[PDB]
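**Student:** Following this message is one structure expressed as structure tokens.
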Number of protein chains: 4
Amino acid sequence: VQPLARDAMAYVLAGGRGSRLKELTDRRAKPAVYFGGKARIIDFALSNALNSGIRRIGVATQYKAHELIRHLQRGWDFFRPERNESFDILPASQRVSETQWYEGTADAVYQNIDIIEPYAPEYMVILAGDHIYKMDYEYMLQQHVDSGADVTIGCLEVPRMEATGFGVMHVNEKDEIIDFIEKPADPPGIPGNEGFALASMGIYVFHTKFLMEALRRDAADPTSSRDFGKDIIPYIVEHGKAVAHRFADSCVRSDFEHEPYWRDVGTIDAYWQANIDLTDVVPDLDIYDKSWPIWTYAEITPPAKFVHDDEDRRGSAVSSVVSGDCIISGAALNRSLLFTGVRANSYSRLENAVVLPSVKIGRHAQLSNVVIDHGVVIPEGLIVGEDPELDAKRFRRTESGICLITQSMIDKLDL
Amino acid sequence: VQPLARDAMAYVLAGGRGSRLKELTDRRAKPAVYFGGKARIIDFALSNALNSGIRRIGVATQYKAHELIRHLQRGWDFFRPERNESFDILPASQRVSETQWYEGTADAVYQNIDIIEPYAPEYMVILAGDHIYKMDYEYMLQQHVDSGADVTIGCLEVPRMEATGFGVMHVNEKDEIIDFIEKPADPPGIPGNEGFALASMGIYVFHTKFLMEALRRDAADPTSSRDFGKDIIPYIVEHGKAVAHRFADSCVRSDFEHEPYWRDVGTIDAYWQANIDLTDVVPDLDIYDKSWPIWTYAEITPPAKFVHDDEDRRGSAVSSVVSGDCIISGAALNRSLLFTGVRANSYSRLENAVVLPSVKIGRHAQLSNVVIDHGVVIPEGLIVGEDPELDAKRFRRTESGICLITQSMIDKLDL
Amino acid sequence: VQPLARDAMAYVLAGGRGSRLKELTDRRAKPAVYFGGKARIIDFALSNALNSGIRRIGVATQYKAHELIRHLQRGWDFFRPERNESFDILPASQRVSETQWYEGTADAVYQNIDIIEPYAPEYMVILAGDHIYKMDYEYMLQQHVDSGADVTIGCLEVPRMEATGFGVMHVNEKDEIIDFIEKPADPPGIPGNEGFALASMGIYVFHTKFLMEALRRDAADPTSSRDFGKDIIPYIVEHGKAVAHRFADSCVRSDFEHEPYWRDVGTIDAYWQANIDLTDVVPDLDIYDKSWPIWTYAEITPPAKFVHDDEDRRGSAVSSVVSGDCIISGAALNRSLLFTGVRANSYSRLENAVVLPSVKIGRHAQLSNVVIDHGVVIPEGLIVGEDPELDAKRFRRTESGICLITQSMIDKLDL
Amino acid sequence: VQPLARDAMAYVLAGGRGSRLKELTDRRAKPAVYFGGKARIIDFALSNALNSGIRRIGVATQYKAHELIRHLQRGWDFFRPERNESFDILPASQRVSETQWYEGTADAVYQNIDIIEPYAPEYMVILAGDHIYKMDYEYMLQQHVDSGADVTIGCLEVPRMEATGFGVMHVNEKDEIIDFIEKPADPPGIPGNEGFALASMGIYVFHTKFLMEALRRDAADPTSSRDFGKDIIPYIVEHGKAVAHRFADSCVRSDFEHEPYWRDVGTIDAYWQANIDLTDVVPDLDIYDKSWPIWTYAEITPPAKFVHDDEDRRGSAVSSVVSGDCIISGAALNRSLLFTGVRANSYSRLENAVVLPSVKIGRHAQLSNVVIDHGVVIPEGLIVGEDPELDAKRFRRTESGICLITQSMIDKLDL
């Protein structure tokens with residue numbers, strides 16, 4: 001009768017550096033990276049927990065967390081303990097130990113047992129905080145209880161050649177995990193469906209009592225790298241009962257999303273592509289859906305504005321997504337995504353451009369196939385996208401020709 | 001030393017019907033009308049109160065106030081009494097008398113003395129809630145105390161020809177009010193500056209104890225129409241000391257506003273004009289200003305989206321202001337202001353259009369010189385602005401050719 | 001898999017006058033009456049909705065609603081539409097019609113169909129807002145869908161002699177409702193257990209569109225008094241499928257409540273008793289429970305204080321419940337319940353006293369067996385509970401000797 | 001005309017360890033210590049800022065700050081940047097530098113200039129976060145601008161023998177500071193009033209642009225201990241213009257406070273004394289004042305309860321201050337102060353006790369002259385205050401005989 005989410009706590013792992021995002025994560029952890037016009041990556045897992053009815057949330061942070069923690073303080077501020085709600089931001093710090101850094105994803109939870117236990121949740125839902133996806137976690141909770149698993153593991157069903165970069169679960173007829181392989185060159189297929197493999201999402205459901213004991217087990221073992229994927233879960237698949245949960249069974253698709261949507265935006269190319277795809281006529285991700293909404297930190301913002309329309313300049317956007325507090329003054333935008341606060345000035349042009357909040361585009365600048373970091377001021381007349389060798393020397397250039405542009409790159413600029 | 005706003009309470013008169021806005025105010029009071037892709041009209045006086053440091057606000061409502069009350073409840077919800085802050089919504093209702101109607105603007109304060117006296121504010125700032133303007137009321141409060149006035153009245157300095165439509169204050173050299181005239185055919189000129197007259201704003205500062213006594217006198221006087229403008233102030237200019245405060249002295253102008261901005265948007269033409277002027281290259285009102293911000297009710301909204309770009313259709317906006325959650329799909333917008341939630345569809349065209357929230361524009365519709373009421377669905381292929389005779393039969397058409405369009409008029413439609 | 005409350009809207013009927021509470025409800029509807037030391041009666045149903053997972057709430061108000069509506073505005077302010085939550089305060093007002101009065105409890109929902117249908121909830125949970133009880137509405141929802149009922153009705157299982165004051169449901173062996181009788185002299189018994197009758201709590205679960213259809217037909221029938229209990233529900237038991245849900249199956253009992261707790265505090269004796277019973281060593285209602293908490297409007301308040309300990313005066317409380325911001329200065333309290341803000345002064349005595357917020361007790365006053373209304377100032381030396389004849393002349397005195405004391409009564413006082 | 005607080009930012013130094021409070025500050029910094037029944041010490045400076053109209057606040061933390069940060073996050077959560085309000089929590093950490101420690105109170109501001117400069121406040125109000133006092137900083141701001149000072153320093157006026165423990169300002173006839181001495185053996189007296197000296201409160205007003213340069217200068221000086229009182233202020237007194245502001249000129253006294261109140265609660269005795277003094281008939285600090293309120297983090301909490309009244313046990317409090325959610329079950333309290341959540345059980349007695357939140361007193365325990373730390377569980381039958389030598393072996397006992405009791409101390413216990 002009662003939904004199990006009433007008795008669950010979501011615990012989000014948000015310490016991931018995202019080192020392949022290069023300068024995009026030099027000053028902020030990957031869960032803090034802006035995505036899709038407004039939110040940050042972490043808001044997706046957070047919103048999944050909220051919309052699934054989980055109203056105790058803990059977030060473990062580590063690497064470069066000041067921007068992430070400030071976002072969480074200001075955006076996720078509406079939980080009240082009187083209502084059996086809680087939002088705990090849990091950085092590694094001189095608190096219960098000297099340390100100041102978590103030893104691994106397991107240690108991220110283990111060090112905060114004294115926070116969890118007063119709440120006495122029946123269940124723990126462990127979440128990667130660095131992916132973009134919508135999912136109703138009540139489904140996994142139900143499967144976990146009914147299957148008697150020690151751990152239920154969220155898995156994507158992917159073509160085996162795509163699984164070579166994931167931690168892959170090897171399952172039997174009834175989706176019980178026989179073995180776990182980190183990045184198999186030839187991923188094991190699903191029995192009776194070997195064109196596909198189950199790739200771990202880093203979503204784990206436990207009974208709290210079991211998890212605490214296993215965290216304590218783990219923390220005593222010197223063999224352990226203190227990691228869910230490499231230590232906790234492999235021990236259980238061997239000695240206990242681990243079961244896979246398939247993302248397709250619990251993904252929340254809107255009427256305007258043709259397939260289950262999950263993205264890890266792990267490379268500059270992948271991050272550019274996921275954002276720019278939102279400019280499509282029929283985008284894979286429906287950012288206009290209100291049935292499974294993404295909460296985030298947002299301020300009252302004025303509308304977007306388009307000015308100038310003469311023989312020489314026209315401020316206008318085609319095949320583009322433009323946020324509030326954007327003033328497109330005499331600037332031509334095509335196939336671009338603009339976050340809030342952008343100022344694009346006369347005779348400039350943006351094409352195939354992902355523009356993070358509060359960027360300024362100087363008069364006459366022309367930028368194609370770029371990601372412009374938050375707050376960058378683009379000098380008047382800067383050309384990007386016309387000279388690959390010049391662009392690669394000045395900026396971080398992808399082999400597929402995307403330039404990531406940061407303020408530090410701009411400050412160094414000559415010819 | 002201490003600012004006088006700490007000891008003031010703002011009391012906003014928000015019962016105004018705005019009869020000349022015709023069907024724009026059929027189901028909402030004038031202070032509830034949307035303005036500027038920014039806020040509702042009432043939010044300007046409320047934000048002026050807030051930014052001036054007044055932490056006690058009351059709002060008297062009357063004519064058709066459901067939409068207005070719900071906006072106040074949801075938008076103006078962050079005052080806490082334990083911080084000596086209060087926000088009181090005061091509709092005429094069976095709480096102290098049967099009535100269910102306020103007899104006038106003086107009565108709207110008078111019936112609520114039992115709300116005011118427990119707060120014991122030293123000063124009352126009585127405000128009209130149906131005008132768009134920015135003003136720092138600390139200045140009026142200083143002038144009032146130092147002048148020793150019984151009432152201090154905010155006044156616009158305007159050419160006398162334009163003053164024929166206002167309550168007009170006749171003053172001596174000291175800016176003390178020696179007479180008041182309701183709509184003078186020949187407005188009294190300011191001494192030494194005869195080309196201008198002081199036109200009342202309906203902004204009044206009193207010592208609370210004095211006002212409470214003047215309201216009690218007024219509730220007894222059978223010759224009184226129970227109106228601040230026509231009863232309270234004239235009695236004081238007669239028997240006490242009334243002093244005029246000029247708008248230009250305390251108007252808050254941003255660096256991008258060439259002159260003090262005040263608008264009463266009292267007619268459809270004036271409402272259309274003030275909104276459409278926000279699409280100018282250098283607008284009179286700076287809605288991007290952050291130094292004197294306008295607080296309002298706002299939700300997390302997705303960005304605006306423009307799609308399609310081929311031989312036959314292109315979704316794009318030129319010389320226009322576009323709010324979030326607008327999808328401009330194959331539609332051409334020019335010199336238009338769109339509030340949130342608009343959906344404009346393929347081959348439609350808007351020009352010189354003020355489009356309130358959640359309007360839908362059907363394919364192939366072409367509309368020029370229009371105000372479209374909140375939530376209207378414009379039928380595919382509807383043409384407005386081509387045939388004044390037909391437009392005037394179907395719609396509320398001003399002499400200058402603005403068509404106000406409501407869903408009730410759409411529902412009646414044929415050829 | 002997904003809880004049904006996600007898809008439900010709770011709709012609280014809060015127009016009740018509670019006329020048998022006499023002067024306690026002369027300026028406030030019954031759901032606004034204070035109960036238990038802090039909350040108001042309406043907060044119980046509201047908190048049940050919230051704790052059950054229902055995040056769309058409507059509250060219909062009518063009789064003397066200013067205090068109620070201010071309570072809802074300031075207390076129930078944390079719902080956000082972006083999260084698919086809503087809290088709508090729905091007074092009878094000149095809005096969709098002139099009226100200024102709901103024709104009945106069915107009409108209170110019918111008039112507001114235009115507010116419900118934009119939310120399109122799958123289920124409606126219609127609640128009476130004038131009872132004190134705790135209940136998980138997910139159980140009723142499941143029974144309602146699983147049974148295929150047209151309406152599921154919440155029912156107290158009570159001894160038949162106690163059911164003569166209730167509207168009683170006659171059921172068959174499957175708890176299907178075969179008849180409904182308003183206040184039967186000899187209430188029909190439950191089959192196979194005739195010592196008990198099922199007494200209607202005025203809680204009704206419907207499929208939304210079935211209810212919209214029953215509401216519309218009811219508004220059309222001139223036979224109808226426009227009432228859930230005597231119009232909607234009788235027709236369904238006759239023409240459709242009405243099923244009873246027993247309170248015991250879904251009451252939320254803390255470990256410290258020996259039985260399911262339900263109270264209608266319909267009379268001054270019952271209100272006094274239910275409150276004073278909280279001073280017991282083992283109270284029937286556990287106001288210290290945090291597993292099913294009651295949300296309300298609460299301000300930051302200083303602690304309670306006890307002053308003076310000498311020959312002739314000692315401020316102290318025995319067998320009593322004392323809220324914050326109470327200063328017990330030389331006053332003896334025994335078996336009393338004090339809401340916040342009380343000032344009891346030297347040489348006064350309270351026994352068997354229910355004391356609503358911000359009451360003042362003057363020096364030397366002695367009061368026994370009383371309910372003291374919000375904000376009453378008790379004159380120095382007043383004696384209540386000594387002389388029944390004099391007490392009944394001065395105050396509202398019950399047959400059993402409880403005096404309800406209002407400020408209007410105090411104002412009239414001599415000897 | 002315009003108050004100066006509109007353009008100030010308050011910056012609270014809250015990294016103080018409070019070493020002399022011993023185990024009371026072993027797991028929290030001094031600003032996080034509970035005081036007076038509800039608030040925490042830091043809430044006084046924060047409330048002074050808020051009530052003075054300062055809407056931008058920064059709080060620098062360092063030593064053991066988890067509890068403090070969580071308090072700030074949950075309690076001080078109502079500032080919105082759109083209203084030009086801001087509340088920044090600034091712990092030393094990896095962000096702008098590796099360090100993760102502040103080199104001193106000046107470096108606590110210096111490391112965060114990049115947070116300050118975007119706001120561009122005209123004035124900085126630097127505050128000590130570890131003192132209990134009320135003060136209207138608009139007075140100090142007015143004095144600063146009008147005097148032309150480089151730094152205006154808040155100062156207590158105390159008898160000279162008392163000043164020997166303070167940093168003392170030597171002034172001339174016009175309250176200009178001519179020397180500064182750290183703990184003078186013989187404190188320089190006030191000219192014309194040699195019985196008194198000016199003791200620095202560690203409150204400093206600057207022009208922001210001045211301060212930013214003085215900090216940059218300080219961050220270059222290798223002879224600098226990076227301290228406001230030790231390096232910044234003496235430098236200015238020497239080469240610039242430092243002016244003293246006397247606390248009596250801007251202290252906020254309620255009508256029930258016989259003198260300006262300031263306490264630093266630096267020792268266990270001083271902490272115990274300031275709290276127990278609140279049980280007085282006429283307390284020096286008025287915690288019931290509403291004119292200058294102290295905001296803090298508070299939850300909805302049930303009332304206090306007193307039970308049992310027979311010949312062997314009576315739950316009651318005399319000359320005591322008792323917070324909500326305290327159940328006094330057969331326990332006798334006298335001259336004690338209880339924070340929320342205490343459970344005192346049958347036959348126990350508390351005298352002269354300061355009892356922090358959520359303490360449980362076991363049956364038959366008898367405790368006199370104690371501070372009991374947050375959450376301590378006192379064993380049944382424990383006796384404290386009877387045997388000085390035993391009490392000092394078990395607990396932290398002051399020379400004056402106050403025992404500080406923590407759970408670690410209880411956990412060691414036998415006889």
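Labels for the structure tokens follow display order: chains A, B, ..., residues from 1 in each chain, ligands from 1.
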From the DSSP assignment of the backbone, select every residue of segment 116-165 of chain B that is strand (DSSP E), and format the answer as a PyMOL selection string.
**Tutor:** chain B and resi 123-128+132-133+151-159
**Student:** Could the residues in this selection be written to a file with N, CA and C atoms, as an mmCIF file, in the first residue's frame?
**Tutor:**
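Everything below was put into part-v5.cif:
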```cif
data_model
loop_
_atom_site.group_PDB
_atom_site.id
_atom_site.type_symbol
_atom_site.label_atom_id
_atom_site.label_comp_id
_atom_site.auth_asym_id
_atom_site.auth_seq_id
_atom_site.Cartn_x
_atom_site.Cartn_y
_atom_site.Cartn_z
ATOM 1 N N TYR B 123 4.135 56.501 10.430
ATOM 2 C CA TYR B 123 3.735 57.134 9.169
ATOM 3 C C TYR B 123 2.959 56.167 8.290
ATOM 4 N N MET B 124 2.048 56.736 7.494
ATOM 5 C CA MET B 124 1.307 56.012 6.465
ATOM 6 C C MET B 124 1.701 56.564 5.102
ATOM 7 N N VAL B 125 1.999 55.669 4.170
ATOM 8 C CA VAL B 125 2.273 56.016 2.776
ATOM 9 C C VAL B 125 1.126 55.407 1.984
ATOM 10 N N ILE B 126 0.193 56.244 1.524
ATOM 11 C CA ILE B 126 -0.977 55.780 0.798
ATOM 12 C C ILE B 126 -0.650 55.822 -0.690
ATOM 13 N N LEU B 127 -0.831 54.705 -1.395
ATOM 14 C CA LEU B 127 -0.321 54.610 -2.764
ATOM 15 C C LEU B 127 -1.417 54.162 -3.702
ATOM 16 N N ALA B 128 -1.478 54.770 -4.899
ATOM 17 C CA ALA B 128 -2.298 54.194 -5.961
ATOM 18 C C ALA B 128 -1.592 52.966 -6.514
ATOM 19 N N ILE B 132 2.539 52.714 -13.304
ATOM 20 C CA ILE B 132 3.893 52.190 -13.508
ATOM 21 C C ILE B 132 4.905 53.312 -13.339
ATOM 22 N N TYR B 133 5.804 53.170 -12.353
ATOM 23 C CA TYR B 133 6.766 54.202 -11.963
ATOM 24 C C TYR B 133 7.667 53.652 -10.864
ATOM 25 N N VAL B 151 -0.428 66.693 5.350
ATOM 26 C CA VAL B 151 -0.290 65.705 4.281
ATOM 27 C C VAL B 151 0.704 66.224 3.250
ATOM 28 N N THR B 152 1.504 65.299 2.711
ATOM 29 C CA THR B 152 2.435 65.538 1.617
ATOM 30 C C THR B 152 1.995 64.702 0.419
ATOM 31 N N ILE B 153 1.928 65.328 -0.756
ATOM 32 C CA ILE B 153 1.284 64.740 -1.927
ATOM 33 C C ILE B 153 2.299 64.648 -3.062
ATOM 34 N N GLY B 154 2.522 63.440 -3.572
ATOM 35 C CA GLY B 154 3.381 63.287 -4.738
ATOM 36 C C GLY B 154 2.677 63.854 -5.970
ATOM 37 N N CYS B 155 3.399 64.676 -6.748
ATOM 38 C CA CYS B 155 2.867 65.365 -7.923
ATOM 39 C C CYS B 155 3.795 65.260 -9.127
ATOM 40 N N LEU B 156 3.196 65.047 -10.302
ATOM 41 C CA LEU B 156 3.919 65.174 -11.559
ATOM 42 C C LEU B 156 3.959 66.624 -12.010
ATOM 43 N N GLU B 157 5.133 67.073 -12.447
ATOM 44 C CA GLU B 157 5.262 68.363 -13.113
ATOM 45 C C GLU B 157 5.044 68.132 -14.608
ATOM 46 N N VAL B 158 3.923 68.620 -15.137
ATOM 47 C CA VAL B 158 3.537 68.346 -16.525
ATOM 48 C C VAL B 158 3.004 69.619 -17.160
ATOM 49 N N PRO B 159 3.083 69.720 -18.493
ATOM 50 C CA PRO B 159 2.559 70.922 -19.158
ATOM 51 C C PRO B 159 1.075 71.086 -18.871
#
```
**Student:** Do a neighbour search on segment 238-244 of chain A at 10 Å with only C-alpha atoms, toss out local chain neighbours closer than 4 positions, and write the hits as a CSV table (one decimal) with C-alpha atoms, in the first residue's frame.
**Tutor:**
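Output (out-v8.csv):
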```csv
chain,number,residue,atom,x,y,z
A,140,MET,CA,13.6,0.2,-8.5
A,143,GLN,CA,11.9,-4.4,-7.6
A,144,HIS,CA,14.5,-4.4,-4.8
A,147,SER,CA,13.4,-9.6,-5.4
A,148,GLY,CA,15.1,-9.9,-2.0
A,149,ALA,CA,18.3,-8.6,-3.6
A,150,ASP,CA,21.1,-7.3,-1.4
A,151,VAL,CA,21.6,-4.6,-4.0
A,152,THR,CA,19.6,-3.6,-7.1
A,153,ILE,CA,21.7,-1.9,-9.8
A,154,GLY,CA,20.4,0.5,-12.4
A,155,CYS,CA,21.6,-0.5,-15.8
A,156,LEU,CA,21.2,0.9,-19.4
A,169,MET,CA,26.9,-6.3,-15.6
A,170,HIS,CA,26.8,-10.0,-16.7
A,171,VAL,CA,23.4,-11.4,-15.9
A,172,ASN,CA,21.5,-14.6,-16.2
A,174,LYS,CA,16.3,-13.6,-14.5
A,175,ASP,CA,18.5,-10.5,-14.6
A,176,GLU,CA,20.5,-11.6,-11.5
A,177,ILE,CA,24.1,-10.4,-11.8
A,178,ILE,CA,26.5,-13.2,-12.2
A,179,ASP,CA,29.6,-11.0,-12.7
A,180,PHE,CA,30.8,-7.4,-13.2
A,198,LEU,CA,23.7,-4.0,-19.4
A,199,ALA,CA,25.9,-1.0,-18.5
A,200,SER,CA,26.0,0.2,-14.9
A,204,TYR,CA,22.3,1.3,-6.4
A,233,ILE,CA,29.1,-4.3,-5.5
A,234,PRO,CA,31.6,-7.0,-6.7
```
**Student:** Residues of chain B within 9 Å of chain A, counting only C-alpha atoms, what are they? List them as a PyMOL selection string.
**Tutor:** chain B and resi 37-38+279-281+287-288+295-309+314-325+329+338-340
**Student:** In Å, how far is it from atom CA of residue 310 of chain D to atom CA of residue 350 of chain C?
**Tutor:**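 Separation between atom CA of residue 310 of chain D and atom CA of residue 350 of chain C: 18.7 Å.
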**Student:** So the first atom is atom CA of residue 78 of chain C and the second is atom CA of residue 48 of chain A; what is the distance between them in Å, to one decimal place?
**Tutor:**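 A separation of 19.6 Å between them.
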